[PDB]
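Please read the structure below before turning to the comments.
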Amino acid sequence: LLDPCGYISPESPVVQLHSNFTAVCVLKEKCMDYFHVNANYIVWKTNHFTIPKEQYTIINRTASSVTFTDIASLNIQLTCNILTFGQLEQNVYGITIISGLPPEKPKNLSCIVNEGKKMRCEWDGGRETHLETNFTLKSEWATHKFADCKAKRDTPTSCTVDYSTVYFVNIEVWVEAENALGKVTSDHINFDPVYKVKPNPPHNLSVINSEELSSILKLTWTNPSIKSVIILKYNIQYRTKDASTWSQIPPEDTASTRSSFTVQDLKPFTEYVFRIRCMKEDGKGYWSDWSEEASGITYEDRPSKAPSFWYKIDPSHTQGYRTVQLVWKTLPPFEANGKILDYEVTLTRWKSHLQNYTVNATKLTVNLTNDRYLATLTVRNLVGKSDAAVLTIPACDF
Amino acid sequence: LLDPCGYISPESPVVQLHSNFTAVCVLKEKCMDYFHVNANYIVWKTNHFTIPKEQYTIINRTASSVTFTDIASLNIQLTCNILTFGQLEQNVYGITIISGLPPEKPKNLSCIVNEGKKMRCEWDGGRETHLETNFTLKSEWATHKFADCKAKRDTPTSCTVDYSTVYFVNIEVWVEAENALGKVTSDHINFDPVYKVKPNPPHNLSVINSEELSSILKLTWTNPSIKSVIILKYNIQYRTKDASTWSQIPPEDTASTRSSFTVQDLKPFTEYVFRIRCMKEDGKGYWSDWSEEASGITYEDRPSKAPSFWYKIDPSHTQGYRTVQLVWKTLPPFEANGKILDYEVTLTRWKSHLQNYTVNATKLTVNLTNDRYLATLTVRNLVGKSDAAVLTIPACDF
Amino acid sequence: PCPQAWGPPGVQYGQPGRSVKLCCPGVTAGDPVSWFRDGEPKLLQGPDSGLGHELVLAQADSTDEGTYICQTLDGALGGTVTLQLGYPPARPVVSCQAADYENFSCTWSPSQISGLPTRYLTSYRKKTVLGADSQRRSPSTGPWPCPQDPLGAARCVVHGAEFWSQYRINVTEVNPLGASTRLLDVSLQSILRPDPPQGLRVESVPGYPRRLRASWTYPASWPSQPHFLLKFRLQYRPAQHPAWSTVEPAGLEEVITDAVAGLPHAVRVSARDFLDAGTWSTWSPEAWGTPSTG
Amino acid sequence: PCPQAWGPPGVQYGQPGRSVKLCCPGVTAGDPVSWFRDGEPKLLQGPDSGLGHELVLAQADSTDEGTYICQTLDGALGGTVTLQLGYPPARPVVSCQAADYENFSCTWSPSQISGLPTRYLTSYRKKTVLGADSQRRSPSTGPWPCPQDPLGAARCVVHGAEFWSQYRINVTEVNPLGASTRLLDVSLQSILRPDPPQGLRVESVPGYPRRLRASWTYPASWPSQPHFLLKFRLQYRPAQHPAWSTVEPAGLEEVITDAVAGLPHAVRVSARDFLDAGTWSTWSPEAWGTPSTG
Amino acid sequence: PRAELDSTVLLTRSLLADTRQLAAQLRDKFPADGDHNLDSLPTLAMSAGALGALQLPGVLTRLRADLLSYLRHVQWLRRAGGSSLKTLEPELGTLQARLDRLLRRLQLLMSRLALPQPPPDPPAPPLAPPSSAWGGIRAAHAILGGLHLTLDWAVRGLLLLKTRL
Amino acid sequence: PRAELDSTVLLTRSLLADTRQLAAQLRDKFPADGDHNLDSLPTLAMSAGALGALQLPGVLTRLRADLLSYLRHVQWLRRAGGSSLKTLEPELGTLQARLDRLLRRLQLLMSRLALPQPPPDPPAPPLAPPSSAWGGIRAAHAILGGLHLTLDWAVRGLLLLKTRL
Ligand SMILES: *[C@@H]1O[C@H](CO)[C@@H](O[C@@H]2O[C@H](CO)[C@@H](O[C@@H]3O[C@H](CO)[C@@H](O)[C@H](O)[C@@H]3O)[C@H](O)[C@H]2NC(C)=O)[C@H](O)[C@H]1NC(C)=O
Ligand SMILES: *[C@@H]1O[C@H](CO)[C@@H](O[C@@H]2O[C@H](CO)[C@@H](O[C@@H]3O[C@H](CO)[C@@H](O)[C@H](O)[C@@H]3O)[C@H](O)[C@H]2NC(C)=O)[C@H](O)[C@H]1NC(C)=O
Ligand SMILES: *[C@@H]1O[C@H](CO)[C@@H](O[C@@H]2O[C@H](CO)[C@@H](O)[C@H](O)[C@H]2NC(C)=O)[C@H](O)[C@H]1NC(C)=O
Ligand SMILES: *[C@@H]1O[C@H](CO)[C@@H](O[C@@H]2O[C@H](CO)[C@@H](O)[C@H](O)[C@H]2NC(C)=O)[C@H](O)[C@H]1NC(C)=O
Ligand SMILES: *[C@@H]1O[C@H](CO)[C@@H](O)[C@H](O)[C@H]1NC(C)=O
Ligand SMILES: *[C@@H]1O[C@H](CO)[C@@H](O)[C@H](O)[C@H]1NC(C)=O
Ligand SMILES: *[C@@H]1O[C@H](CO)[C@@H](O)[C@H](O)[C@H]1NC(C)=O
Ligand SMILES: *[C@@H]1O[C@H](CO)[C@@H](O)[C@H](O)[C@H]1NC(C)=O
C-alpha cells in the first residue's frame, strides 16, 4: 500500500505540437490484489478535467492506455487514478506533458567588438518555443576549441564571451541552440575580429577659430585608442545654429587617419555645431555613435555693401537753420557681417571742411545752415569701414 | 645583489588625514658593502617628485628616515633609492601610502519590507573617505546571530538580506562600517518587521456606475495579499477630468480593511479618475505608491431649470401668415445635466388644440396665422423633460 | 432447513428476470411436495425431477408476483409464501455538515426505492497512516454504529469526534439481495460550516450622515470559546442597486462608512471559523436600515 | 726614486690649499739638497729635519706658482721643476644619439677646465642579468676603448653594437690628482632618433582645389631596410595661423585634404622607427606650397 | 496576559494562512486525487473534546515533536526533491524560513516560561530520496496538508495558554 | 608571400603596442627608478648586426623559448601577485590572453611551414611568490619591459621571413 505503486511511462516526455503521444499507466501487483481492480477501472484526468471514457484503451489486464492526437495544449498535466472500493478516486502516479517545437537554425548571426570590451554576438531567434532553451556561442580554430559562451536568461539572443579579443587571427564562430525537444546548430561563419570592431567616438572635441579670415574654423579632437590596430576614417557634418538638417563633407576628403580638420566655405558670423564619427577605412563592420557636439564662432569681417540711407527734414527752432533727421536701417545679419560696433557720419559743405560725427544709434539731430551739404554714412567693425552711401540733398529752392 | 634588498617599514600603512607619518628605509648589509654607501646616500621620491634634502633624518648608519607632517595627499607613493656609484639612482624598495578618515557612525538608519521581497535597509553615509569601505548589515536575537548582509559596491548605503522576513518577532538590526583605518558600529535599533512593511498598491481597480441616481459611483479593487498579516487603511482621492488638483476623502472614513467604496456628492455627467494607496491602520511605516488610475461616468439626470427662450418674427411669403423664427441657446454643461437627446416645442392657440413638434436643432421655421399663440419649449433626456419656458407673444396690433 | 426469512417468518423475496428458489416451510426435508399458484390449478415443475423440497423459478417476471401455496402430495397444506418483486438498491446520496467542533452529521436519501424493505446500515472509521493493512485496531478504529434516535431522522450522529482527523463514513444500503456501500471522506476541519448570526440590527449614528452601526450575535449552536473565534464578512447594498459591498468586521459590531445618505440599505452577514477552517455559512436574513438626515 | 712624471719628464703638479711634495730629480736618494724659489734666496725648510731628498709644501697657495730650482748643498744644480696650480676635474656632461641600428655616439664637455691637462678615458660595457658579481666575462663584457679618430671630436664610436641590449657608458675625466667618472645608461632601442627626411616638396593636384601632395625621401644616414621601416608625421599650417595640424602618412607621400584654398601652407615632417623605438626626430626645414585655383 | 504569548499565536495564524494558500495552489496545479500518506508523519491523536484539561508541558512538548518532524520533511523536500516542485519556490522557502524560525522561538518561549525541557531525543534517520518527481509531488501534499493541521492546533494550543498567562 | 606569415607579424605589432602602453602607464603610476632584474629572464644576445644570415629554425626556436618563459611569468604575476598590481587589469589579462594565443599560433605556424620541432624541454620549476607587494611591482616592470624587447625582435624576425616566404 505504502510508496507510490506502479508507474507511468514514459517518465517525462517532451513532444512536438501536432504530433501523437501515447501514455501507459501500469499498476503494481500488490495494488491490484488489494483493491480488487484492474486496468478497466483506471480513469485519466488532466488539469482537473475528466478524460472521456471513450478514449481509454486497455492494453493488458495490468495496464490501461490513452492516445492523444493533434496535441494542442502546451502543458498537459497527466495523472493516473484507480476507482478502488468504488466511487473513490486515489492517486497512483502522475507525469507532466510538455509540448512545443524544436529550435530553428539561428540566422542573421552577427558579432561586434566594441573597443575596450569583449566580443558580443547577436542572432535572430525563430518561432517561440515556450520551453527553456539554452544558447551557447561556440568558437574554435582547426586545432583548438574556445571556452563556451552561455547566453543570459534576460538576453537569450545575445552572448558575450569571457576571453579578450585577439585581432589579426581568423576565428570560426557559430551559435548552438538546443532544448529538451531537439538540437541544432546555426551555419558557421569565418572572419577576422579586426573587421568587426566598433570603436568609440572621438572625444575632447574643440572648435577653434583663426584670426585670419572669417570662413575657416579649425577642428581638433583626440582619436580613440583603437587607432593602434586600424586606420580611422571620419564623417564630418555641419549646419548653422538655426538650420534643421545636417550637411556632410565628402567622405573621400576624410578617408584616412587624422586628428584635426579645417572646415572651409562657412558663412560669416554664424555659430556652428559639429559632431563626428569614425571607422576603419574599408567599411567592414558597423558605424560608431556620434561624438559630443562642439560649438564655435567665426572671426570678424566687414560689410559687403553700403547700407540704405535716407533722411527727413523739418524747420529748426533757430532762425536761419534747418533740422535734418538722418535715419537708416540696421543691416540684415548676412550683410552686417558681425556685431555692429558703431557708426560714422560725415557732412561736407560744398568747398568747405569735412565734419565727422560718431553715432551709436539709428538717428541723429543736427543743426545745418541753409546751404547744400553732402552727407555720407559708413559703418565700422574691427576690420574696417564700409563703403559710403552718398546722396545729394538739394537746396530748399530747387 | 639579486632580490629586493632591504625593506621599508611599516609594510603598507594607512593613516588619517592631518596626522603624522614616519617612514624608515633600511638597507641590507650586502647592498651596503657592494656599493660602498650608507644612509646618508639615500634619497626619497614620491610620485616622480624629489623630496627636499633638508627633510631627511639619518637614524643610524644603516637606515635613513623622513617625517611628513599634516599629510594632505590622498595617495603618496613612496620609493627608497640609493645613489650607488654616484649620479645613478637604483630602486631599493617601495610602499604605497594611503590616507583618509575613519568611517562615521551611520545615522538615520531605516529599513522597509516590500511585500513579496526581502527586507531592505538604508542608512546615511558620512564624509567621503576615498577608501574601499565595506558595509555589513548585522542582525541578531539575544540567543542567535543572523546571516550577515554585505552591501553592494554600487549601493554602499543600502543592503538587502538573504533571508525571508518573519513577521511578529522582534529583530535587532544595525549596520557595521569598517575600513583599513577603523572600525565602528552604528546605534542599535529594535523593531517588529510587521511595522516596516510597504505593501503594493491595490490593483484590478474598476469604476462602475449605478443606474439609480447621478451622484454615486462604486469603486472596486483587489486588495494586496499582505492583508493576511495586517489590516489595511486607504486614502481615496478624486477630481474632475479637467481639474488640476486632487481632493481627498476624510481618512477616518477609510480607516479599515475593505474591498469597495461608494463615492457620493459627485457632479452630474462629469468624468472622474481615481487612484488609491493603502497601509497598516496604525501609521507605522512608509506609504505605498499610488494605484493605477481608473475612469468612470455618472448616470443620467435631467435639467434643473428651463432654458432661456426667445424668438424673431418676419413677414411670411404666404398671404395671411407670419414666419416666426424660434431660437434658443444650448444649456451650460452644468445645467444640461447630460447629453442632449432632442428638444420638444409646443404651440397652443387661445382656446384651440395643442400642436407639438420635436426638433433636433436650435431653430425652427413655422408658418403661423395672425392670431395669438402660446409657445413652450422643453428639453428631454433619458430621465424626462425639463420645465417649460413660457412667453406671451402679443398680436401684431398690440 | 431453508434460509431463515428476512422480514416476516413465512415470506421470501426475489428480483424479476433473476432466479428465485422457494422452499416449502412446514415439510420435513426429503418429503416430495407440490406447488400451485393461487387460483390456478396447473402443477408447476422444476429441474429437480419435479418433486423436491424447494420450488425454483427461472422465470421471475411480473406474472409471478402474488401469493403461492405449497402442499405435500398427500394434500396437506405445508405453508404459504408471498413473492414480492423488486430491484437491487441504488447507491445512496450522502452529505454531511457540522455547526460545532464536537459533533457532525450526515444525511442520505435513496436514489431508488425498488419497492423492497430498504433498511440502512451506517458506520464510520478513523483512517490511519501506517497502512500495513486494514487492521491496526488496538484502540479499535473499526466500524462504529450511528444510532438512529427515534430510528429515523436519516442521520448519523458522532459524539466525541476527533477535530483534526479525517473520517471515511460507510453508509450501506441493503435489501435481501445485496449492498451498494457509499463511502464519503469527511474532515471536521474542512466540512465545518457554522449557522448565520441571529438578531442582526442596524442603527443610525447621530452626527454622522454616512455611518451606520450593525450588530449581531453568535449562533446558538456555536458556543463562544477563546480557542475557535469566528471571522465575519458583512455585506450592504442600497435599494435598487445590484452589487453587494463586502467588509470583514472584527467582533460582533461593524460601522459602515460609505452608506448613501437618505437611502434604505440591505445588510447580510455570514460566519466561518476564524482560522479559515471549513467553509463560509449561508447568508443571514436581510436587514434594512436608514441613515439619519442632515 | 720618485713618482714618474705625468706629462713632461721634469715637471710636477699640485692643487692650492692641499699638500704638494716636490722631489729633486737628479740627486742620489739619501743626498741632502737645498731648495730655492726662482730669484729669491731664502732657504726653504721642511718637516724632515730640513735637508732630505724631497721638498714638501703644506702652503700650496698662488704665491707658490712658478719655477723652482733644487741644488745639493755642494752647489750642484740637481734639476728644475715647475709648479702649476689647478683644481680637481669636475664631472663631465654626457649625451648620446644614434641615427642607425649599428652605431651610436656620445659626446662630452668639461663642466670645469681647472687649468690642468684634462685628458679623457672613455669606455663602456654590456650589463648582464645574472649579477653574481661584476665578473661574468667569458665573452669579456669589460671595458672597451672608444678610439678617438684624429684623437679629438669628443665622441665615442660603437661598431657592431647590440641593438636591444642596454649599455652603461663609463666616461672618466682624469687629471694628475683623481677621477670623477660619468656613467650614462643607454639602450639603442630607447635612445634612437633618425635624421629628418630631405627634399620635402609640395605640389598642387590639378582638379582638386583643396588637396596637396607632399613627397620626401629617407635620410641618407638611414638605410632603407624591410626590418625597420619608419613611421612619419606631417604637419601643415596656413600662413599667419598659429596652430599646426598633424597627420601620420604611410610611406614617402601624403595627400593633404583640408588645405585652405589660395593660401601658402608651411609643411614640416619628422621621423621615428616604425615600431616606436627611440624618439621622434627634429623637425625638417619648412617647405611652402600653394593650392591651384578654381 | 503576556506579550510574548500574544506574539507566538499571531505568527502561527500568519504561517497557517501561508500554509493553506500554498496547499490549495499546489493541489490546484497538481490535482492529486485521493488520500496520500507518509509513514513518518505523526498521528494527530487529539479530539479537541477537552483541551483545557491538558497541562502545560504536554501541549508544548507535542507541538515541538510534531514541528521538528515537519521541519526535517520541509528541508528534505528542498534538498532531494524533484525538479517538478521548483514551481513552489520561493513560497516554499519562505515557509521553511518561517516555520524553522517559529520552532526556534518556541524553545526560547520554553526557557522564559520555565517549562521542563524534554530530553534530547534520538533524531530519526534520513528519509530516502523520492523515487520520482511525482513521488516528490505526493510528498509535498503530505507536508503542507499535514502542516495546516499542526498549525491549526498550534493556534488553538497557544490560545488556551493565553486565557491563563 | 603568404597570408599566414603576414598575419603573425601584424599581431605582434599589435601586441607590441599594447605592451609599450602598459609598460609606460605602469612606470608612470609606480615610478621605479633604476635597472631592475630577474634571474629567470633570458639574455637577449642579438646585436641585429646580421639577422638575415640566421636560418629559419633558430629564429623561430629562440622566440618560442623566450615567449614561453615570458608566458609563465605573466601567469605567475596573476596567480601569486600582490594586490598592489590589481590596477593593471584588465589590461594585463588581455595581454595574457593575447600573448598566450600568439605563442600557440606559432606552434601551428611551425607545422604548416614543416620546421623541425624542438624536443620537449624540461619546464623550469616554479618561481617563489614575491616577498612583498613592491617586489611584485618590480617583477611587473621586468616582464613588461622584457616583453617589449622580445616582441620588437619578433616583428623583425617575422619580417625577415616575409621577405622570402
Ligand atoms: C462498509 O460496511 C459494510 C457493512 O457494514 C461492509 O460490508 C461487509 O464486508 C464484509 C467483508 O468485505 C462482508 O463479508 C462478511 O464477513 C463476515 C466476517 O468474516 C462474515 O461473517 C460474513 O458472512 C461475510 O462474509 C460482508 O458480507 C459485508 N456486508 C455486511 C457485513 O453487511 C463493507 O466492507 C464496509 N466497507 C468498507 C469498510 O470499506
Ligand atoms: C670606469 O672606468 C674607470 C677607469 O677606466 C674605473 O676606475 C678604476 O677603478 C679601479 C677599481 O675601482 C681602480 O683601481 C685600480 O685597479 C687596478 C687593477 O687592480 C690597479 O692596478 C690600480 O693600481 C688601481 O688600484 C682604478 O684606479 C680606477 N682608475 C683607473 C683605472 O684609471 C672605474 O672603476 C670604472 N667604473 C665602473 C666600471 O663603474
Ligand atoms: C501486459 O501487457 C503490458 C504491455 O504494456 C506489459 O507491460 C510491459 O511488460 C514488459 C515485459 O518485459 C516490459 O518490458 C515493459 O516495460 C512493460 N511496459 C511498460 C510500459 O513498462 C505487462 O508486462 C503485461 N503483463 C504481464 C503480466 O506480463
Ligand atoms: C641602527 O638603528 C636602526 C633603527 O631603526 C636599527 O633598526 C632596528 O633594529 C632593531 C634591532 O633588533 C630591529 O628590531 C628593528 O626592527 C629595526 N628597525 C626596523 C624599522 O626594522 C638597526 O638595527 C641599527 N643597526 C644595527 C647594526 O643594529
Ligand atoms: C497519428 O499521426 C498521424 C499522422 O502521422 C495522424 O494521421 C493520426 O490521426 C494520429 N493519431 C493516431 C494514429 O491515433
Ligand atoms: C539548459 O540550461 C540549464 C541551466 O544550465 C540546464 O539545467 C538544462 O539542463 C539545460 N537544458 C538542456 C536540454 O541541456
Ligand atoms: C606631529 O603632530 C603634532 C600634533 O599632534 C604636530 O604639532 C607636529 O607638527 C607633527 N609633526 C612632528 C612632531 O614632526
Ligand atoms: C572589504 O571587503 C573586501 C571584499 O570582501 C575585502 O577584500 C577587504 O579585505 C575588506 N576590507 C576589510 C578592511 O576587511
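Count begins at 1; order follows the chain as displayed.
Technique stated in the header: electron microscopy, 4.0 Å.
Every residue gets a Cβ built from N, Cα and C, even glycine.
What Swiss-Prot records for A:3-97 is domain 'Ig-like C2-type'.
The disulfide bond annotation in Swiss-Prot covers A:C5-A:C31 (among others). DSSP classifies A:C31 (disulfide bond) as helix under the three-state reduction. Neighbour density for A:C31 (disulfide bond): within 10 A of its CB lie 17 other CB atoms from the protein chains shown.
Cβ neighbour count for A:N20 (N-linked glycosylation site) (all protein chains, 10 Å cutoff from its Cβ): 11. Following the DSSP three-state reduction, the secondary structure of A:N20 (N-linked glycosylation site) is coil. Residues annotated as N-linked glycosylation site in Swiss-Prot: A:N20 (among others).
Residues annotated as disulfide bond in Swiss-Prot, with experimental evidence given as evidence: A:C25-A:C80 (among others). Just so you know, the Cβ of A:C80 (disulfide bond) picks up 25 other Cβ atoms within 10 Å once every protein chain is counted.
Counting only residues at least six positions away in the same chain, the Cβ atoms of A:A39 sit under 8 Å from the Cβ of A:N60 (N-linked glycosylation site). Summarising the annotation, Swiss-Prot assigns N-linked glycosylation site to A:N60 (among others).
Annotation comment: Swiss-Prot describes A:102-193 as domain 'Fibronectin type-III 1'.
Residues or ranges marked as N-linked glycosylation site by Swiss-Prot: A:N108 (among others). When Cβ atoms from all protein chains are considered, those within 10 Å of A:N108 (N-linked glycosylation site) total 8, not counting its own.
As annotated by Swiss-Prot, disulfide bond applies to A:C111-A:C121 (among others). Secondary structure at A:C111 (disulfide bond), as computed by DSSP, is strand. The C-beta environment of A:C111 (disulfide bond), restricted to residues of the same chain at least 6 apart in sequence and closer than 8 Å, consists of A:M119, A:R120, A:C121, A:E122, A:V173, A:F191, A:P193, A:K196.
According to Swiss-Prot, the N-linked glycosylation site annotation covers A:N134 (among others), on the basis of experimental evidence. The Cβ of A:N134 (N-linked glycosylation site) lies under 8 Å from the Cβ of A:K150, A:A151, A:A177, A:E178, A:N179, each on the same chain and at least six residues away in sequence. For the recorded site, A:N134 (N-linked glycosylation site), the DSSP three-state label reads strand.
Following the DSSP three-state reduction, the secondary structure of A:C159 (disulfide bond) is strand. Here Swiss-Prot flags A:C149-A:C159 (among others) as disulfide bond.
Taken from Swiss-Prot, the feature domain 'Fibronectin type-III 2' covers A:201-301, and the record attributes it to sequence analysis.
Sequence-distant neighbours of A:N204 (N-linked glycosylation site) (same chain, six or more apart, CB under 8 Å from its CB) are A:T220, A:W221, A:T222, listed in sequence order. Mapped onto three states, the DSSP output places A:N204 (N-linked glycosylation site) in strand. Summarising the annotation, Swiss-Prot assigns N-linked glycosylation site to A:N204 (among others).
Within the same chain, residues 198-203, 205, 221, 275-279 sit at least 6 positions outside the motif 'WSXWS motif' (A:287-291) and bring their C-beta atoms closer than 8 Å to a C-beta of that stretch. The motif 'WSXWS motif' annotation in Swiss-Prot covers A:287-291.
Under DSSP, A:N356 (N-linked glycosylation site) is assigned to a strand (E or B) in the three-state scheme. Swiss-Prot lists A:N356 (among others) with the feature N-linked glycosylation site, giving experimental evidence as the kind of evidence.
A:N360 (N-linked glycosylation site) has a Cβ environment of 8 other Cβ atoms inside 10 Å. Sequence annotations record features per position, and here Swiss-Prot assigns N-linked glycosylation site to A:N360 (among others) based on experimental evidence.
Other C-beta atoms found within 10 angstroms of the C-beta of A:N367 (N-linked glycosylation site) number 12, with every protein chain shown included. The N-linked glycosylation site annotation in Swiss-Prot covers A:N367 (among others) and is backed by experimental evidence.
Among the recorded positions listed (A:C25, A:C31, A:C80, A:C149, A:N367), A:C149 has its Cα nearest to the Cα of A:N108 (N-linked glycosylation site). Compared over the disulfide-bonded residues A:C5, A:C25, A:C121, A:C149, A:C159, the count of CB atoms lying within 10 A of a residue's CB peaks at A:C25. Of the recorded residues, A:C25 (disulfide bond) and A:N367 (N-linked glycosylation site) place their C-alpha atoms 122 Å from one another. A:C25 (disulfide bond) carries a strand DSSP state (E or B). In the motif 'WSXWS motif' (A:287-291), helix, strand and coil residues by DSSP number 0 helix, 0 strand, 5 coil. With a CB cut-off of under 6 A applied against ligand 6, the recorded positions A:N20, A:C31, A:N108, A:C111, A:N134 are reduced to A:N134. For the pair formed by A:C5 (disulfide bond) and A:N20 (N-linked glycosylation site), distance between Cα atoms is given as 27 Å, rounded to the nearest Å. Nearest in space to A:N367 (N-linked glycosylation site), taking C-alpha to C-alpha distance over the recorded positions A:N20, A:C31, A:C149, A:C159, A:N356, is A:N356. Cβ neighbour count for A:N356 (N-linked glycosylation site): 11 (other Cβ atoms within 10 Å of its Cβ, all protein chains included). Checked against ligand 3, the recorded positions A:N60, A:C159, A:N204, A:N356, A:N367 give A:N60 as the ones with a Cβ under 6 Å from it, listed in sequence order. DSSP assigns A:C5 (disulfide bond) to coil in the three-state reduction, placing it in neither a helix nor a strand.
Put simply, of the recorded positions A:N20, A:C31, A:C80, A:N356, A:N360, the one whose Cα is nearest the Cα of A:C149 (disulfide bond) is A:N20. Closeness to ligand 5 is met by A:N20, these being the recorded positions among A:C5, A:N20, A:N60, A:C111, A:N134, A:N367 whose Cβ falls under 6 Å from the molecule.
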